[PDB]
2 protein chains.
Amino acid sequence: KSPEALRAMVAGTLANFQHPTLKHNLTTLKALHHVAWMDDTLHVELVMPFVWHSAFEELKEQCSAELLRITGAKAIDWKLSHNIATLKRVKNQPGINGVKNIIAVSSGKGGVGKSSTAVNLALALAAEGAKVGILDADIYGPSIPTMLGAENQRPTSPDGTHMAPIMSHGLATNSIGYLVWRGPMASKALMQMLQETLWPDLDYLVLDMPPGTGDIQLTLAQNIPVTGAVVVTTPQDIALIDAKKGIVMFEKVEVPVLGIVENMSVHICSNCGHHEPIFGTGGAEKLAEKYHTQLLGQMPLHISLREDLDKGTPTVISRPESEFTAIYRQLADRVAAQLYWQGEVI
Amino acid sequence: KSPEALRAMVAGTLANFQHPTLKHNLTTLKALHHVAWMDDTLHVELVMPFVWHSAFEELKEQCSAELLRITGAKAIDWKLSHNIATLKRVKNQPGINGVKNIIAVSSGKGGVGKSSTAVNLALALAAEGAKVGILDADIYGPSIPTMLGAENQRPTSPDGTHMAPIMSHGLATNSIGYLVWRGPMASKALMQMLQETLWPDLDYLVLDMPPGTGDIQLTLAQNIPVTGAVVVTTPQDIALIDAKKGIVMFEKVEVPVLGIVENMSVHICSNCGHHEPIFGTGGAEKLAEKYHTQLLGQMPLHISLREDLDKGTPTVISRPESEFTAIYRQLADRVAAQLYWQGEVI
Ligand SMILES: [Mg+2]
Ligand SMILES: [Mg+2]
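As recorded in the PDB header, X-ray crystallography is the method behind this entry, and the stated resolution is 2.85 Å.

In structure tokens, the structure reads:
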């Protein structure tokens, strides 16, 4: 078991593992950090530039069979780390202090679950192994502090000018609702809240944007160093048209569109367990390839998800072992990988 | 059986019939047109100032028992007529030529089924016994001609300047989509389409408005002789907030708000038959009394209703004997009665 021959065997095995989060195989990512041989057990330490906790489990169950087969180990001791990479933005627009990446979440009008996707994406990204925050920028409907229960709280001012973020459910949070308003005036107060908030070491910062593609939304996509955008829609035709507009809006500002999330794809009868595409099917998939982007994931419509939206504890935290949390965790892996595969590391 | 004693007995019986469409009993409406006695059968002819076909059936089954009891008739020969009354509008804003009343249908943003309610209200109003048309004014999403199949058709110009309406499913129809656009320019072309269209003897004219409460929507509620408005919402909180805005918008223009229609109140599993309030419950009822107006009706969310919206034949025509059509027919009676009980006849 030569340590250089061990690395060659391990890297030669990980090079075949395929996954929706892997545009190219793992050897592309230089992730193979360490390969050792202690007490007849083969140690493999992997350091990914984006979150990969759930996908890392699939790698273990698929490759350990052959990894034990070519090596001579009683077992394999895996280990997953994360050094989240800061991706370069267009025009080198100065990024936010303490914020590596900014994943924007936008939609067209309400009723699509944009804000529901924002809180759970942020919690899933943190659950997948990153330092995550979330800025509620939805001026029309500041609903993030309510979804987290931090509605009755207010941020403190350590620097007098700067604001200390509310650490809700482990996320560094702040909201425009803590200050309540249309036109360029709303964009200014929303902007400086991003600068004046003392974000910690946020590898990711989910930005719940105001819905629509007006001048105030476009002003946000211009002056905010958005690393990537995630458009949210329902299989309804009226929502897909708005998603078509949002993708166009972000493209015309050179902000990378990570993909589309199809909320309320099907409804799950709480008694029958039957899945009913009450709003259509495949409409989001059609828009994904029509604009050369991915369909990052789908999310059903279920009564338990709406109930979690009223109790002030999002589903990723309330039901950490549910299918819905497992879907949100997959979305985080799918999103953070797409944020990486599109750009270049700094 | 003195004919004056017959009328007293009939009017004294109809004076007790109670119904959600009757703010005051039938004797208020002077509707008792004729009471006769031919071949031992009692004839009763009723002429209502608003549509009442479905409610007229309830009057027959409830009152014929006692009507035969106080009279001496082998049976009762009912007869329902309609002389739809033109209600006076605020500031005496000159009404549209050939259009007695204008029932506006508005909402906040899309996904609430505003346009689905508009076509079926118009068809139900006609099914309930009136001459009805419908003008698609939704500039953002002209979806009425598609819902009727008259999408590929275009109006003809009899007077060169004036337009002949497309007689789709017996309705006098016209759409802004036949011309395709924001700002005061959109309000002008939309306005003159209402004047230049040669509406026949439209007792009612459903106006499918653009969603929202912006300046262009408010300009429409000002310059159009709207006799009444019907706000559409879903039990979602985001839609109810928009309904709260629309009611306020119409009130500040002295346009009577007829009430609220709660679309997608519950979802009906096509297998379980189970009703699931996926978007909440009672939110629309709360807004109704908070603004001193009626809850004109509720409408479930079912796959067959969405399918009727793609096949180009609305549910009132496609499934004339379904529960959903029976609900739309009740809504017409509820709406047209509310349009009457609020104002004064010309
Ligand atoms: Mg919101
Ligand atoms: Mg429409």
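K.L.:
I keep staring at the UniProt feature "binding site: ATP" in chain A and nothing clicks. Help me out?
P.N.:
All names here are of chain A. The feature "binding site: ATP", as annotated in UniProt, sits at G108, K109, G110, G111, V112, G113, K114 and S115 in this numbering. Along the chain, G108 falls in the loop between β4 (99–106) and α3 (114–127). The buried category is assigned to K114, whose relative accessible area is 5%. Beyond its immediate stretch of four places on either side in the chain, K114 contacts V105, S106, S107, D138, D208, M209, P211 and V232.

K.L.:
What is the right way to read the sheet that holds strand β1 (residues 32–38) of chain B from this model?
P.N.:
One key point about sheets: their strands pair by backbone hydrogen bonds, in either a parallel or an antiparallel sense. All names here are of chain B. One open sheet accounts for three strands, arranged β1-β2-β3; its pairing is mixed. Of all the strands in the sheet, just β1 and β3 (76–82) have a single pairing partner and so form its edges. When the angles between neighbouring strand axes are averaged without regard to direction, this sheet yields 15°. As defined by bridge partners, β1 adjoins strand β2 (residues 41–48) across six bridges and the pair is classed as antiparallel. By the bridge assignment, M38 is partnered in β2 with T41. Against the sheet, helix α1 (residues 3–14) makes contact with β1, β2 and β3, and its axis sits at roughly 125° relative to β1, the strand it touches most.

K.L.:
Explanation requested: the packing of α3 of chain A against helix α11 (residues 323–341) of chain A in the structure shown.
P.N.:
The relative placement of two packed helices comes down to the angle between their axes together with the axis-to-axis distance. Residues and elements named next belong to chain A. It is the contact of α3 with α11, at a shortest axis distance of 8 Å, that shows an interaxial angle of 80°. As judged from the angle between their axes, α3 and α11 are roughly perpendicular. Contact residues: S116, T117, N120, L121, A124, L125 and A127 in α3; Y328, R329, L331, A332, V335 and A336 in α11. Grouping the constituent residues of the contact of α3 with α11 by class yields nine nonpolar, three polar and one charged.

K.L.:
I tried to follow the interface of chain A and chain B on my own but got confused; where do I start?
P.N.:
Think of interface size as the accessible area that goes away when the parts come together; that is how it is often given. Taken together, the 21 residues of chain A in the interface contact 21 residues of chain B. Those elements giving two or more residues to the side of chain A that touches chain B turn out to be β10 (257–268) and α9 (303–308) of chain A. At three residues, the largest contribution of residues to the side of chain A that touches chain B is made by β10 of chain A. Grouping the amino acids of the side of chain A that touches chain B by side-chain chemistry returns 10 nonpolar, eight polar and three charged.

K.L.:
Can you walk me through the pattern of salt bridges in this structure?
P.N.:
Oppositely charged side chains can pair when the atoms bearing their charge come close. A full pass over the atoms with the stated rule returns 14 salt bridges over all chains. The partner of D138 of chain A in a salt bridge is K114 of chain A, and the shortest N-O contact between them spans 3.2 Å. Here the residue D138 of chain A occupies a position in the loop between β5 (132–136) and α4 (144–148), and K114 of chain A occupies one in helix α3, the gap between them amounting to 24 residues. In this structure, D138 of chain A and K114 of chain A share a single accessibility class: buried. With a shortest N-O distance of 3.1 Å, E57 of chain B and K60 of chain B are connected by a salt bridge.

K.L.:
Would you mind showing me how to read the coordination of the magnesium ion (ligand 1) here?
P.N.:
Octahedral metal centres with six donors ideally show angles of 90 or 180 degrees, and tetrahedral centres with four donors ideally show 109.5 degrees. For the magnesium ion (ligand 1), the full set of protein donor atoms is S115 of chain A (OG), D138 of chain A (OD), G141 of chain A (O) and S143 of chain A (OG), and the range of their distances to it is 2.4 to 2.6 Å. Written as a sequence motif, the donor arrangement for the magnesium ion (ligand 1) is S-x22-D-x2-G-x1-S.

K.L.:
Sorry, what's going on with the pairing of strand β12 (residues 294–301) of chain B here?
P.N.:
Residue and element names in this part refer to chain B. With six of eight residues buried, β12 is to be regarded as a mostly interior element. With six bridges connecting them, strand β10 (residues 257–268) and β12 associate as parallel partners. Along β12, the bridge assignment pairs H267 with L301.

The rules we used
Residues numbered from 1 in each chain as written, not as in the entry; some residues may be left out. Chains lettered and ligands numbered in written order. Heavy atoms only, no water. Residues with missing side-chain atoms left out of burial classes, pairs and counts. UniProt positions renumbered as here; feature names shortened; annotations may be inferred. Helix = DSSP H or I, 4+ residues; strand = E, 2+ residues; numbered from the N terminus. Buried < 20%, exposed > 50% of the residue type's maximum accessible area, 1.4 Å probe, protein only. Contact = heavy atoms within 4.5 Å. Pairing = 2+ DSSP bridges. Axes fitted to C-alpha atoms, helices over the stretch in contact; angles between N-to-C directions. Parallel < 35°, antiparallel > 145°, perpendicular 65-115°, else oblique. Nonpolar A, V, L, I, M, F, W, Y, C, P; charged D, E, K, R; others polar. Salt bridge = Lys/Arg side-chain N within 4 Å of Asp/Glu carboxyl O. Donors = N, O, S within 2.8 Å, 3.2 Å for Na, K, Ca; no water.

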